[PDB]
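If you count by PDB author numbering, then the sequence shown holds residues 216 to 274, 282 to 324, 343 to 613, 665 to 728, 745 to 940, 966 to 1018, 1025 to 1542, one letter each, in order.
Here a beta-carbon is modelled for each residue, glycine too, at the ideal position from N, C-alpha and C.
What follows is a short report on a single structure.
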Amino acid sequence: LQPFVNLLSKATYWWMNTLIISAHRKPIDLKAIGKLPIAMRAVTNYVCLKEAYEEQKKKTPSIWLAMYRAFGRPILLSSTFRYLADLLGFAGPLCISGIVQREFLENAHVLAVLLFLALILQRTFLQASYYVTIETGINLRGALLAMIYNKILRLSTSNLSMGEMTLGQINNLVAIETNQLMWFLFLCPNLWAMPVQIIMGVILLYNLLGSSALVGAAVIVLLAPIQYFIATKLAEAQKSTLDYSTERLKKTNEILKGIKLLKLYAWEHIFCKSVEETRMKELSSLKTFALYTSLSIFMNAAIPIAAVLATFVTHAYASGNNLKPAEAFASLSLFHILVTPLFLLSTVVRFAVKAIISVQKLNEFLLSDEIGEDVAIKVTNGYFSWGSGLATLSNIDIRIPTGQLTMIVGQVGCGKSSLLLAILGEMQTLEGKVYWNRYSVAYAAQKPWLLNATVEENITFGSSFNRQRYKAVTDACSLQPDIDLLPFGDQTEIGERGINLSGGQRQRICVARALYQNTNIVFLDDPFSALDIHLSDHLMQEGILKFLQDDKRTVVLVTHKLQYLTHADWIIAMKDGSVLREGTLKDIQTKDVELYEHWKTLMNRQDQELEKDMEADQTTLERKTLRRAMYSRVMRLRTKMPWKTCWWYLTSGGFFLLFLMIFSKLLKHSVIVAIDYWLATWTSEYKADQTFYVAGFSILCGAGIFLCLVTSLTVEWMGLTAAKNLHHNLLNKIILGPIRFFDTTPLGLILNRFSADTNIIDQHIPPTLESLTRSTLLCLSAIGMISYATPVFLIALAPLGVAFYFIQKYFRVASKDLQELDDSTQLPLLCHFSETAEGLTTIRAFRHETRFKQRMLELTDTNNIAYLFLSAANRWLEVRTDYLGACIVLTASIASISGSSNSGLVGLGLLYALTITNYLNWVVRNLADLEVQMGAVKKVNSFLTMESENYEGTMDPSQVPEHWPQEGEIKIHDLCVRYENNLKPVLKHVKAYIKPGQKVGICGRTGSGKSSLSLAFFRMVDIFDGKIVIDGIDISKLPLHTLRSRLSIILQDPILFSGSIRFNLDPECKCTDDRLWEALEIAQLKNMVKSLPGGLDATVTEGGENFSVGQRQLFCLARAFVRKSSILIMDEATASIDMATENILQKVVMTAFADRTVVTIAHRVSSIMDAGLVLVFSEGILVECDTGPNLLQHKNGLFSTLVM
Ligand SMILES: CCOc1cc(CC(=O)N[C@@H](CC(C)C)c2ccccc2N2CCCCC2)ccc1C(=O)O
Ligand SMILES: Nc1ncnc2c1ncn2[C@@H]1O[C@H](COP(=O)(O)OP(=O)(O)OP(=O)(O)O)[C@@H](O)[C@H]1O
Ligand SMILES: Nc1ncnc2c1ncn2[C@@H]1O[C@H](COP(=O)(O)OP(=O)(O)OP(=O)(O)O)[C@@H](O)[C@H]1O
Ligand SMILES: [Mg+2]
Ligand SMILES: [Mg+2]
């Protein structure tokens, strides 16, 4: 009995049962799920698929043949199960005909029991086929991901091969093409099962109804081309909507990062309107998409009705016999059977075409350019090239002594990085040989590569953690001062996803990773490129010379700092892809005196140039940015369906639309039941005159078609209205919020609310709601009609319904976990592939390909097990609801046979009992989908219920003059500034009198509250005591727009917004082009604008990447001059700016802004030694407020110490 119970457990998915039941007790996690079986692990499937692919390559290789030879037998098994289920599905109409007709097989109860058994077997076989094909598709996805990851690990990094689009193509293959191929393998048995089922259904219809059934067969067969055409139009409209949504999301992201500047300039509403224009275009495209969706729904619901109408009218007239209940309702059952394959065969064909495209892309990727197969390293007569045939490195003959520092020196473009990568084997070897006396190399690439992991996980890089070595490595690279600034320290997730670091910090972290590894050979490729003199010298003295010589490492150091050549044991001088001369410094000097003299001249010139420029500190400005970035730093609910969120979404389109949808759907399903009952009455008159019944049937069918159209239009109209209203409210609501909200909430969360939740509301919810309402109404009408035919069925409705409740309860939570789990596993795996595409040279130099292969296999196995268990929960639910439906069919059949009203009613009840089995599962599935989507609607509403700023001022706008800050007086009385309630005040008792047209310089130590004062000028920070009176008007008693739009501010990092230069200068477009040209000339920028095509309407890239940072700062100066505020705030504007551009900025401020009151937070204190009023801040307290010379003459003063 053990094999029998094992087979039953497999067939009913009983092994999921416990995992479902536990979902109420505790959330489902990866620990609750087991591991993948050996036959299901990605490694075994990868080996099978790779063996098949290599067999094909032996013989151009066929991916399709490899997939068939690897994962073909399970497809044949699932096809056998699908054919058995299709055959056992036609027992429905046959048993309906037999029962309605009323030796042994003639018995009606025998036929009812046989129909029950046939339904149970059919559903078991169908779910088995679904599970087998889904498992095979998941195995194929794992194998394909492993194959493409190995191909990635083999990829060549040359610019000819590894282009800028290669990483995007890899991401597309991992995230899209592999999933398209997996879904095609999911749906492939349909491709040869649906045609057979359709042909057999048409044959059964013909056997039932003569040639009259061929008319309905043709009409309903017309549904497949119509659905294919409608799906083509849907794809086109979806691409259009996706383009418009991408533009809208680009604009929204540009607003969100940079919202502080927009609020300071009071340009938030202009950018909101700019986003709303793109939103309106996207909404028009979405309207076309919804129109085609409603067409699809209407056709799916109306072609069957027209086919039934044509069939039965043609039978009433052409056929000489009366319509019989058995034939009529068996044919109705056959039509209902045929609807689904005809509607979904177009989907299967579309997936087949997309799979052909995906296999073409995958096969074109699997055929890509890939890398080829004392003294530690020696190159003899080496001729290397980057794949173009032209040798980049010609006649390379070098020697790298073991355990000695080797420095490669040459001008930019010599081929030093090329020499290192040719030694590592990353480029083609035309001639020569590289001898290693390969081996693992600690490689620090010229472009630093960071994993999306913590600082410690980047530095250790798959190596055992040693605290002494880790501390020594961190000290040598001077990483502790900037690690301490990180929120979590070593455990701070850095990289693309995590905290953004400066180029110098990333370079030092990669150098630390190179130093930490205990490999005898270290390759450093310009490690001082993004560092300053002090950090470079410390790394050279402690890391290269001390730490790397304690371990006796063979160090190869590509550098431009020739001053370090005195520390070199071996020197390799390059020029134009060839070595001029190699050897010790003394040997080079003796043999090649000219090269030594040239090196001396270069060292002297570099020292002379750096002597003046050493004043600027790169590391100080990196650490200040990193420190400023950190200034800001349920069981009952699990099963609670969000009915309030559902009601809010339904009423967000208006009560008329909701009423129209509900009324139209109720009327449509009433009419459908009416046509079924009319057929019942017509057949129960069984040649009489058919005119009355034909006329009534035609009228009912026409009304049903019209109501199908009405409901299809109405649900999509409601969805469009709700989406429009929700997004329109959301954008404006979040923009008006305080700056503290944007400082606290990450940009990722807000952008998710604007992209993913918006897409869910726009395109996912309307179809889910339509399907849920349709399935629920079909089930309710079926139950009502079965109970009307036989009231005793209601007795069995109490148990079965109760069962249904539990079946819908547990599933609705279990899947909710599994889906989430699936998502939590999709993000890492994809990221892994990206981390391997960029950083491939580092991985292959460290020789850590095996570790990354293992990590990829783990990630894909986790993703596959999550997806498999989600699908298994779906199969569990389908089996449960299918057995419920079989019980319903058996009960209805027995009740109808025992107590018969008439033959037509028996047939009608049997048909409805048979049909409810299809929709019971979809009621639960759509309810779960609706709950998931209402989660996103709840997120959007939560963002919509946030608190905004107080944009309405106390003062009467008539009281405020037209030119309010005309003079520029400022009076700060007992100012107490905090960034949020319950936090400590950041400014305490600041009192100052800024004379109109007086140049004020604000200075102090880091964290003293200088930027907080500039924010208090704009009321971007919470003032709770004291006041700021600007030109006689308290700014607290003022609208925020009037205050912020009449004051000019210049921040440190300049930000320009995508659009025209005229748009950047004034989005409001109040000024004239002559004024804009005058401002551009003032900012010493008119010639640059003239050089650009179009002048004032030259396109600015997002962030202003077209212009240099100095040009961006000059643009900010031009905007400030356009504003004509007479009060200009400059928050360390000259920082991160070239010295020449800094002098230009100072000249512009002195000349053009001579009249305006300039309040400058000096980046360099010496710049405000001659300022009229100097405000010195210490720890939030105004220590000194006097003239510059007055503070200078007072010895031992804070300003005097700052100046020195
Ligand atoms: C992850 C794969 O998920 C499945 C995968 C399958 C495999 C399958 O032959 N589908 C047939 C469905 C039946 C009605 C023919 C089909 C055919 C064409 C288009 C879509 C579909 N189906 C696609 C999935 C959702 C239901 C319509 C079954 C069921 C599921 C499921 O979600 O439970
Ligand atoms: N990945 C690559 N694929 C193809 N060609 C490349 C690649 N990297 C560099 N080259 C080319 O090979 C030549 C050698 O330049 P390379 O980058 O090796 O010099 P370098 O001395 O390291 O220069 P730099 O000081 O600018 O870093 C140049 O013509 C360069 O354009
Ligand atoms: N966004 C913020 N949220 C909360 N507190 C903040 C925020 N920004 C700054 N603070 C707090 O206010 C203090 C005042 O520093 P602030 O940035 O205002 O000016 P600062 O002294 O000129 O700074 P820095 O020299 O680093 O640019 C900070 O030390 C910090 O404690
Ligand atoms: Mg280089
Ligand atoms: Mg500051």
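- With respect to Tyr-505, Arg-1382 sits close: the two C-beta atoms are nearer than 8 Å.
- Inclusion of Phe-426 in the 7 Å shell around ligand 1 follows from its C-beta lying nearer than that to a non-hydrogen atom of the ligand.
- The beta-carbon distance between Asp-1493 and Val-1512, rounded to whole angstroms, is 21 Å. This is too long to meet the 8 Å contact definition.
- Pairing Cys-263 with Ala-247 gives a Cβ-Cβ distance that is not under 8 Å.
- DSSP places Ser-1538 inside the alpha helix (DSSP H), whose first and last residues are 1536–1541.
- Between the region 1214–1234 and the region 984–994 there are fewer than three C-beta pairs closer than 8 Å, too few to call the two in contact.
- Within the same chain, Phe-854 come within 8 Å of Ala-779 by CB-CB distance, once the 5 residues on both sides are set aside.
- Looking at the DSSP output, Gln-719 sits in a beta bridge with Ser-676.
- For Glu-1287, the shortest separation between its Cβ and any heavy atom of ligand 3 does not lie below 7 Å.
- When C-alpha distances from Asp-789 are compared across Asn-773, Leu-842 and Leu-535, the shortest belongs to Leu-842.
- The nearest non-hydrogen atom of ligand 3 is 7 Å or more from the C-beta of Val-1497.
- CA-to-CA, the gap between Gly-1535 and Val-1521 works out to about 9 Å.
- The count of Cβ pairs closer than 8 Å, one atom from the region 1218–1236 and one from the region 245–260, stays below three, leaving the stretches out of contact.
- Ranked by how close their Cα comes to the Cα of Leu-245, the residues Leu-822, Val-1151, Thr-1163 and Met-1284 have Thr-1163 in first place.
- Secondary-structure assignment with DSSP links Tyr-726 through a beta bridge to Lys-669.
- Collapsing the DSSP output to three states places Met-1293 in coil.
- At least 8 Å separates the beta-carbon of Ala-837 from that of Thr-1179.
- A direct Cα-to-Cα measurement between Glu-1176 and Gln-824 gives close to 20 Å.
- Here the distance from the Cβ of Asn-686 to the nearest heavy atom of ligand 2 is not below 7 Å.
- Here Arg-1150 is buried: its Cβ has 16 or more other Cβ atoms, across all protein chains shown, within 10 Å.
- In this structure, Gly-1273 is the residue among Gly-1273, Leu-1107 and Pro-1076 with its C-alpha nearest to the C-alpha of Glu-1158.
- Residue range 861–865 is occupied by the beta strand (DSSP E) that includes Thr-861.
- Secondary structure in the region 1183–1217: no alpha helix (DSSP H) run of 4 residues or longer lies completely within the stretch.
- Only exposed fits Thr-1410, as fewer than 16 other CB atoms lie within 10 angstroms of its CB.
- Residues lining ligand 4 by the Cβ criterion, that is a Cβ closer than 7 Å to any of its heavy atoms, are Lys-707, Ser-708, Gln-753, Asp-832, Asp-833 and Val-865 in chain order.
- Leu-523 is the residue among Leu-523, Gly-450 and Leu-454 whose C-alpha sits nearest the C-alpha of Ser-480.
- Distances from the alpha-carbon of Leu-584 to those of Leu-463, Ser-301 and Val-1298 put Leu-463 closest.
- Sequence-distant Cβ neighbours of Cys-512 in its own chain, meaning closer than 8 Å and more than five residues away, are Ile-495, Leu-1069, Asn-1070 and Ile-1073.
- CA-to-CA, the gap between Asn-412 and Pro-692 works out to about 45 Å.
- Under the three-state reduction of DSSP output, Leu-287 falls in the helix class.
- Within the same chain, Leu-355 and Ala-358 come within 7 Å of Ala-313 by CB-CB distance, once the 5 residues on both sides are set aside.
- With a cutoff of 7 Å, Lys-500 does not count as near ligand 5, since its C-beta is closer than that to no heavy atom of the ligand.
- If you look at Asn-1319, you'll find it isn't in any beta strand (DSSP E); DSSP assigns it neither H nor E.
- Annotated three-state conformation of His-239 is helix, per DSSP.
- Taking 7 Å as the cut-off, the C-beta of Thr-397 counts as close to a heavy atom of ligand 2.
- At least one heavy atom of ligand 5 lies less than 7 Å from the C-beta of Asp-1469.
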